[PDB]
Amino acid sequence: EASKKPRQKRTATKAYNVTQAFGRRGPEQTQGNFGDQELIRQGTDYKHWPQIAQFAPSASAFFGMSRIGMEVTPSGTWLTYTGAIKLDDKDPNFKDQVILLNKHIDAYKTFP
Amino acid sequence: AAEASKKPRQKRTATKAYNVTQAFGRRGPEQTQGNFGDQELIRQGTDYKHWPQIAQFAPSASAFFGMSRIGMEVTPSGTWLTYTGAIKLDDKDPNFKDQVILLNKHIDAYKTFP
Ligand SMILES: CO/N=C(\C(=O)N[C@H]1C(=O)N2C(C(=O)O)=C(CSc3nc(=O)c(=O)[nH]n3C)CS[C@H]12)c1csc(N)n1
Ligand SMILES: CO/N=C(\C(=O)N[C@H]1C(=O)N2C(C(=O)O)=C(CSc3nc(=O)c(=O)[nH]n3C)CS[C@H]12)c1csc(N)n1
């Protein structure tokens, strides 16, 4: 049901987790590298999800801020995107946001 | 400054009142300038009449963090969350050709107009 959406519109939850929705975390260019074991398992049910989601772009900002491309490979036609989002280092929450992001970025490297 | 400007950049939404340039900067070739949008999309933002056919490819917050390669960089300008990824078009969708035309129409369109 949740799995019938195009990948880019899926919402991961406990019932349909980040692995089920977006594949396993890993180093390859086609894989996602973000999330510790708790976030992977809980998705948007993760207790600190709101603090992560604040960094996710609106549809307008995704198409507004990103460098957008199209590539045709053996596997199909792809809309590529890259960009950068500046953290608000003036907010008191800055230091905690850094700790949160650092806990999830490439977290899979330490999994048993 | 407009209240629409007071959102963090990534949470800003461009419209006729507060346009793509105002919200997200002039389109251009540089590494973290946006390169997407013709003159009509730039002016109109989500008011563009074909916005829905573009937005269908935009990621949910969950998918943005699930699909993308995420990094952090600390530089003289601040701390930046970097992202890269790719979203697969459905080449079985009868509307696929038209999706490709619409995307291509906005990708690097700025090159053809001041
Ligand atoms: C009828 O529009 N009234 C507007 C308005 O929305 N402003 C416009 C503005 O600068 N826009 C632009 C453009 O930027 O080129 C355009 C595109 S330019 C254009 N469109 C045509 O369809 C056409 O036949 N010829 N041209 C030259 C559309 S109106 C808008 C307005 C703003 S304040 C006020 N009192 N009226
Ligand atoms: C002397 O005319 N000056 C014009 C002009 O083209 N006049 C209008 C005319 O009859 N057209 C009308 C309409 O009739 O509604 C419209 C439709 S309304 C509209 N279209 C947009 O694309 C947009 O972004 N916003 N809006 C509100 C377009 S301009 C033109 C103009 C356009 S940009 C600019 N600086 N001047």
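We name chains A, B, ... by the order of the sequence lines, and we start the count at 1 in each one. Computed over heavy atoms, backbone and side chain alike; hydrogens, waters and symmetry mates excluded.
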- Message: I'd like to know whether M65(A) forms a side chain to side chain contact (heavy atoms under 4.5 Å, CB included) with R9(B), so could you lay out the CA-CA distance, the side-chain angles of the two residues, the decisive distance to 0.1 Å, and finally the verdict.
- Response: CA-CA 8 Å; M65(A) 296 181 313; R9(B) 190 186 189 226; 3.5 Å; yes
- Okay, side chain of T84(B), backbone of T82(A): is any donor-acceptor separation there less than 3.5 Å? no
- chain B heavy atoms under 4.5 Å from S66(A): which part of the residue, side chain, backbone, both or neither? both
- What are the two closest non-hydrogen atoms of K9(A) and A58(B), and how far apart are they? NZ-O, 2.8 Å
- Note on the structure: Okay, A21(A) and chain B: the region with an atom under 4.5 Å from a heavy atom over there is neither
- Message: Among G34(B), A61(B), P29(B), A86(B), which residue has the highest count of heavy-atom pairs closer than 4.5 Å to chain A?
- Response: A86(B)
- Portion of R69(B) that has a non-hydrogen atom of chain A nearer than 4.5 angstrom: both
- Per-residue tally against chain B (heavy atom, under 4.5 Å) across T80(A), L101(A), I85(A), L87(A) peaks at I85(A)
- Message: Is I54(B) close to chain A through its backbone or its side chain, or both, or neither, when contacts mean heavy atoms under 4.5 Å?
- Response: both
- Okay, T15(B) and chain A: the region with an atom under 4.5 Å from a heavy atom over there is neither
- Task: Could you tell me which of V20(B), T79(B), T32(B) has the largest number of non-hydrogen atom pairs under 4.5 Å with chain A?
- Result: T79(B)
- Establish whether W78(A) and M70(A) are linked, either directly or via other cluster members, by ILVMFWY side-chain heavy-atom contacts under 4.5 Å. no
- Can you hop from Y18(B) to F24(B) via hydrophobic side chains spaced under 4.5 Å? no
- Item | Test item: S58(A) side-chain N/O and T13(B) main-chain N/O as donor-acceptor pair under 3.5 Å | no
- Between the main-chain N or O of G66(B) and the side-chain N or O of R25(A), is there a donor-acceptor pair closer than 3.5 Å? yes
- Message: Is there a path of hydrophobic side-chain contacts, each under 4.5 Å between heavy atoms, that joins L100(A) and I105(A)?
- Response: yes
- Query: How far does CD of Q56(B) sit from CD of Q8(A), to the nearest 0.5 angstrom?
  - Reply: 8.0 Å
Pairs of donor and acceptor atoms involving the side chains of residues 91-99 of chain A, under 3.5 Å and at least two apart or interchain, shall be tabulated with distances.
residue: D91(A); atom: OD2; partner: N93(A); partner atom: N; Å: 2.9
residue: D91(A); atom: OD2; partner: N93(A); partner atom: ND2; Å: 3.4

- Query: Using non-hydrogen atoms only, which part of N104(B) is less than 4.5 Å away from chain A: side chain, backbone, both, or neither?
  - Reply: both
- Task: Could you tell me which portion of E71(A) (side chain, backbone, both or neither) has an atom closer than 4.5 angstrom to a non-hydrogen atom of chain B?
- Result: neither
- Is there a path of hydrophobic side-chain contacts, each under 4.5 Å between heavy atoms of I, L, V, M, F, W or Y residues, that connects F62(A) with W51(B)? yes
- Message: Please check if the number of heavy atoms outside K7(B) that lie under 6.0 Å from its NZ is greater than 12.
- Response: no
- Who are the ring pair (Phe, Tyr, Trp, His ring centres under 6.0 Å) partners of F34(A), not counting sequence neighbours? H104(A), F65(B)
- Query: For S75(A), is it the side chain, the backbone, both or neither that has a heavy atom under 4.5 Å from a heavy atom of chain B?
  - Reply: both
